[PDB]
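Just one chain is shown here, as structure tokens, and it is the form deposited in one PDB entry.
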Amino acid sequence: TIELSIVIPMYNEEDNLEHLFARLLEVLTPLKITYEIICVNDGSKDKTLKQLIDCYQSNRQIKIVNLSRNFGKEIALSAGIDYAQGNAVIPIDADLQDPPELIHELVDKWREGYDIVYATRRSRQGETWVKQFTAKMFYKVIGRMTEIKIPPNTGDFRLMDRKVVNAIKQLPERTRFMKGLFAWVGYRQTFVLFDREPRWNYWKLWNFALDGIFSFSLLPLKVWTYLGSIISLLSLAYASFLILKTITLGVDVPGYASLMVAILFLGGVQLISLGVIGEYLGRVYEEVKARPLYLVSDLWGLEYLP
């Protein structure tokens, strides 16, 4: 069988093949376990596939997944995990920014009785205040969104057990927020503190933030249609107050004060409509993601359902 599966998404990653493979063989032979290296070429434009082919010729542990197009790092990672058959699957980066020597340590934490072992950086390490505070705010928001409290400073370097991988493959979602989905499974999780070696705008970021906020939970859709419906009721109210202030207290003010009532009433009514729609939209969202109701960790006395 295959015990470990190192998944490497690669796009324009030539000139890094030799050093990365040397480090991986250096750190994976002391483990004395049967491993595999699933390298997912994400439509590289340079001579990366040629060197990947040569490496796969030389070594029987490298397996290449060649995507038709450049789908992206997240999608290439998803393909690699889908084609990984090891008991533990470790996504790693091809630029070696996250050290591979920590893979060993990750394996140990996986053998302590854990299922997800995140690799959390010591501290931002670079990324001036402008980024640390934004990361803090986003992490607090998402931690309030979920009920599992994924660790801060988590990236795409991690260890997932076969249970975790099977659970992730059990979610048929196209709008994916990986951190939220990894929290949403909630197995025996942990994190290993690693320090990145001493060696993005707000257009690629803001889009990622919106994808995390909207494609994971209904909380933006629930907080709204709750702020609306606080107003609207406060607009239908005071619209009635204006009705009962013109009916008593004869209207000696400007002759078209009733316009205000209209501006409130329809508006408030419209908001209610929106709220209702939003609620149902959220329900439809939950229905179209088709998430499983539950995930089973272990069974005693029962075989697993098909």
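Note that the rigid core is defined as the largest set of C-alphas that superpose within 1.5 Å between two forms. When you see a residue number, it is the position in the sequence shown, counting from 1.
FYI, the form deposited in another entry isn't displayed, but the following is about it.
Only one entry in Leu221, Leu193, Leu171, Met178 has its C-alpha moved by 2 angstroms or more between the shown form and the other one when the rigid core is superposed, and that entry is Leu221. Here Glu101 does not count as shifted, since its C-alpha moves by less than 2 Å between the shown form and the other one after the core is aligned. Superposition on the rigid core between the shown form and the other one places the CA atom of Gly155 less than 2 Å from its counterpart. Annotation for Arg111: C-alpha shift under 2 angstroms between the shown form and the other one, rigid core superposed. In the other form, the CA atoms of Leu236 and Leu271 move farther apart by at least 3 angstroms compared with the shown structure. The gap between the Cα atoms of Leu242 and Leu271 is larger in the other form, by no less than 3 Å, than in this form.
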